[PDB]
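Counting from 1, the numbers follow the sequence of the chain as shown. Indexing begins at 1, ligand by ligand and atom by atom, following the structure's order. These numbers come from the heavy atoms of this one structure, side chains and all, not from hydrogens, waters or symmetry mates.
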Amino acid sequence: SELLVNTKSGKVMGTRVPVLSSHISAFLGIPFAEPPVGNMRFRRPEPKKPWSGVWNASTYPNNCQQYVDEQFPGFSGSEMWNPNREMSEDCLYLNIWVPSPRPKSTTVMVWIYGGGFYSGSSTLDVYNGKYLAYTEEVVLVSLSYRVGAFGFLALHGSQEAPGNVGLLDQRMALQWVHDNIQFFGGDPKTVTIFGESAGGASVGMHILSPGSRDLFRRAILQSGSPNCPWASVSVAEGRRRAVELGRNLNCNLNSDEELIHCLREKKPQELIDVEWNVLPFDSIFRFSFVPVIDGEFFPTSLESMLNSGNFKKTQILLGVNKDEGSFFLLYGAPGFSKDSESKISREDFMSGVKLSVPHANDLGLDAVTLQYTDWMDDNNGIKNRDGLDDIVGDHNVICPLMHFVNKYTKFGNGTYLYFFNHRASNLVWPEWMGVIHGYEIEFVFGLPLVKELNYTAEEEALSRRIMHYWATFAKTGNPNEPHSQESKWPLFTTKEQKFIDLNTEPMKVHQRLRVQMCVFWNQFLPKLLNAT
Ligand SMILES: *[C@@H]1O[C@H](CO)[C@@H](O)[C@H](O)[C@H]1NC(C)=O
Ligand SMILES: *[C@H]1O[C@H](CO)[C@@H](O)[C@H](O)[C@H]1NC(C)=O
C-alpha cells in the first residue's frame, strides 16, 4: 500500500489528500523524539523508542506550549500564526507530504518555522506542504521544536537545562530524516533545510554547528541569519534570565538544582505568563529565551566562526522583504496602530529609536537618529513612520543578513540573494505596513494557486516562479534551469554583489543591497558603542 511505510522506528500509515484537483499522500504527526515531559523538561531530547503496530499518521500533532497572540481577537492577520492545534509539551513530531505515485529517490525540503524562538507551529495553513510537494515533485517535510523557556532556558554548566535544547530537537528531526526519508521515496543525500525569521536563523545555526553540518546538503534562509542581535545571548545573560524567571515564580534560588526543580513543578501556562518579564531592557524585537553561545553547539563566538570559515561550505539561497520592521512597531512602539496611517511625531520617533536599539547609549541613539532623519523636513509624519520601519528592519534583519552573506560567500560554494518586494493584493493588514515580515511565506508554499484564496493571476505566476527557484535550487544548487530562456538570477559574488527583486514585474538585477545603511549598522555603530 502507497499510504503505508515501514521505517526504522516502526510502521506508519498516512492519508490521501486532494490538492489542485489531484492528490498526494500525507504522513502527519510522525514522532521523532521521546515526549520531553516531567523530568525531561529543559533536557536534551531522547530518540523516540521504536513502536509495534501501525502509527496512525493521518492527522496533525499537538503544537508546543507557547505564548498566544491575543492582540487582535478575531482578526485573521494575527490569528493565522497562532497554534491551530491543542498545545502540549508532548509536541515533538514531523509531517511529510509525498508525491503520488511514491518517488524512488527525489529531492527533499525540510521546513523550520519561525516565531522568535518563543512561538510557532508546523501545522499552520500557510505552512501546508501539499502545493509544493505536488507542484515541484519534492518530498516536503516540516519539523517542530520546543520554544520559549521549554526550549531555551539556559543554566550553562548544568546538564539538566544546558540551553539550546530546541536546536537539538531540530537536529534530531534532521537525523530522523537522514535515517528514514528513503522509505518515503526521498533522497537523504539531497536535503535542503529552509526556514523564515528564527527558522532562517536556525538554518544558519546548523550550517555553523559542527554537530549539525553533516545532516543536510544545502540551505535557504528567509529573513533571518544566525548573527541577528535577537537570535542569541551569552551564557551569563541566559543564566541571569533563568534566575529572574525563577524569581517571578517565587522559586528557591540557592542552586541550579533547586531552581530547575521548582521550574519543573510549574504548569506550562505559569512559565508562559511571566516569560516577558525577564528582558533586560524596554525594547522591541527582543525575546526572552533564545539560543546561547555555549562552547558546545557553537564552539566559539559566531563572529569568529564566520571570520575563519568555521562552517559548512555549500550553496545557500537567502533574502529579505522590503518592510521587515512594521510588525514590531505596530505591536510595541508608541504612535502606531492597526487602523490608522500611523504618522509619527518627532517625540514618538525618539521613543521608537530608544525601543529599537535598546543596547545603545545616548551618543549611539544620536547617530541612529541623524542617519535616518531628513533634516529638511523633520516633521513629516510619513517619513518618521517609514524611517522607524527601516531602522527596525535594517538593524534586526537586513544588515545582519548582509554581514552573514558577505562572510559566507568568501568560503562557500555559491550564494543567491533576493529582495522580496511585492505587497499581496488581498493583505488584511493596513497599507502603511508595506511588504510585511513573513508575507513572502504564502508565495513560497504556493497559496496563490488556490483560486478561492483570491490572489491575482500575476500573483499566482509569481508564486510558481518562486516555488520553482526554491525547488530547482534544492535539486541542483542553482535556482536557474540549465537551458531555460527565462531571465537569469545571477550568483552573488564578493566582488559584484548582485541580487534580484522578486515581485510581479520583470526581474531586475541590482547591486549592494542597502549598503549605505548596513555600513552604518555593521561597521560604524558597533565601533562607536565599543569606544564609548
Ligand atoms: C563549487 O565547488 C566546485 C568543486 O569543489 C567548483 O568546481 C566550483 O567552482 C565551485 N563553485 C563556486 C561558485 O565556488
Ligand atoms: C486515526 O485517524 C483518525 C484520528 O482521529 C480517525 O479516523 C481514527 O481515530 C484513526 N483511523 C485509523 C484508520 O486508525
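Within the cation-pi definition used here (under 6.0 Å to the ring centroid, within 45° of the axis), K312 qualifies as a partner of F216.
When hydrogens are left out, the protein atom nearest atom 5 (O) of ligand 2 is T59 CG2, 4.5 Å; that is the closest non-hydrogen contact. In terms of protein heavy-atom proximity, atom 8 (C) of ligand 1 is closest to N413 ND2, 3.8 Å.
When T15, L3, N56 are ranked by how near their heavy atoms come to atom 1 (C) of ligand 2, first place goes to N56.
Between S58 and ligand 2, a contact under 3.5 Å exists for at least one N or O pair.
The distance from the CD atom of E196 to the CD atom of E440 is 5.0 Å, given to the nearest 0.5 Å.
Under the 30°/60° scheme for interplanar angles, the aromatic rings of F117 and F152 are found to stand perpendicular.
Per-atom contact check: atom 11 (N) of ligand 2 touches the protein, criterion being a heavy-atom distance below 4.0 Å. Distance screen at 4.0 Å: atom 4 (C) of ligand 1 has no protein heavy-atom neighbour inside the cut-off.
With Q511 contributing its side chain and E496 its backbone, the two residues share a donor-acceptor pair below 3.5 Å. A donor-acceptor pair is defined here as one N or O able to donate and one able to accept, closer than 3.5 Å; such a pair exists between the side chain of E270 and the backbone of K267.
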